[PDB]
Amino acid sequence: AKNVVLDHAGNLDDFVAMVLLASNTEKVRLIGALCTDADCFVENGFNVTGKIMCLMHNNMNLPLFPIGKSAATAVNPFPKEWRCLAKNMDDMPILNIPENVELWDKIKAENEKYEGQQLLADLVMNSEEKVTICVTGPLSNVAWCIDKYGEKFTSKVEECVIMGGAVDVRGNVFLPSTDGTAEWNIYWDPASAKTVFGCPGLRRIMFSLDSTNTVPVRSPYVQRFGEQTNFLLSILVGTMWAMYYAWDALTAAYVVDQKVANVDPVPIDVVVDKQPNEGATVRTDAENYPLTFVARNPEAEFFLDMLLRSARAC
C-alpha cells in the first residue's frame, strides 16, 4: 500500500473521503490526518476524525494514526450555514459507542499536542517512501509546508490529489460580493491555493467541479446503505450522505484507484485579488507555467460501487 495523509475541512464529504481511504488498507496506508477549522469548527472536526478512526480501529485492521488540528485561519470563511455539520456528526449514535469513545478519550491527549501544519510537513518529510496527500479542504496547509520547506517537502510528495476549483464550469461561491466563478475550497484561502497550483516540482491531480458535477448524491443510491446495516461503516456513510455532490469522496476514490478518472494537464493559476472572481482557478498561458492534471469524465459507477463495497469493511 502507499502512504497517504488526509488534509480535510470537516464537512460530511470530508468524512466519507476519510472512510474510503481508511477502509482500503490493501491500497492505502493512512498515516495521518489534519483538520482545518474551515467547513467546520476545528474542535468538532477533530473529534469526529478521532471517533471515526477509533470506531474503525476497534473493528477492522486499521492502525491508529496521528490527527492534528491545523492553525490555518480563513481569508474568506465558509457559510456558517454548513460549518457546524461536524457538530452534528459528533453526536450521532454510531460514533458514540462506549468502547470506541473510551479509546478516543485515551489517545486524545497525544493528538491534541500536534499542530496540524507541522504534522503534515513531518509525516511527508520523515516517511521512508513518498507520500500522497489527499486534500479535501482548503490548500492552506500544503501552502504552509511549501513556504516553510520548499523542495525538502515537495520532493517527498508522490502527488497531491486536490478537491477544489472549477476550470471549464461555473463555480459554487454565490455571495452578494462574488460572480459565481470560484469554488469554496479555493475561495477560503486564494493565496495559499496560488502557491500550491504554481509550485513547480509538485505533481497535482485536481478534482474540480468539472468532474465532481457529474457524480451527484442521489436518493436510490444512498438508500442502498440500508441494505448493509450490519456494517458500521454503512450506517456511518449512509447517515452522512442522507444529509449535494460527492466532491471529496470522488477525490479520495482516485487515491484508492486511479481508474476513477483520466486526467489532462492544464496550467492553473488563481485570482487572489479582492474582486468578484476572487478565488477563481483560471487557465494561464504564461510560458513554462506548471501543469496540473485535471480529472475528466470520472467513472461514476466504478466510484459508487467502490464506496458501497468499502462501507462493508466493518
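We number the residues from 1 along the sequence you see.
The gap between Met243 and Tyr244 holds 10 or more unmodelled residues of the deposited sequence. Between the stretches 38-46 and 277-285, it is 38-46 that shows the larger average CA temperature factor. When 225-233 is weighed against 120-128, 120-128 comes out higher, by mean CA B-factor as recorded in the entry. Residue-level inspection of the entry shows that, of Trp104, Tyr187, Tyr149, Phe197, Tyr149 has the top Cα B-factor. When the C-alpha B-factors of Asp91, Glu183, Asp210, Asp179 are read from the PDB record, the largest value belongs to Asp179. Looking at the C-alpha B-factors along this chain, the one for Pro267 belongs to the middle third. Annotation for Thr214: C-alpha temperature factor in the highest third relative to the rest of the modelled chain, per the entry. Residue-level temperature factors show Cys84 in the highest third of its chain, judged at the C-alpha atom.
Residue-level temperature factors show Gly137 in the lowest third of its chain, judged at the C-alpha atom.
Among all modelled residues in its chain, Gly165 ranks in the lowest third by Cα B-factor.
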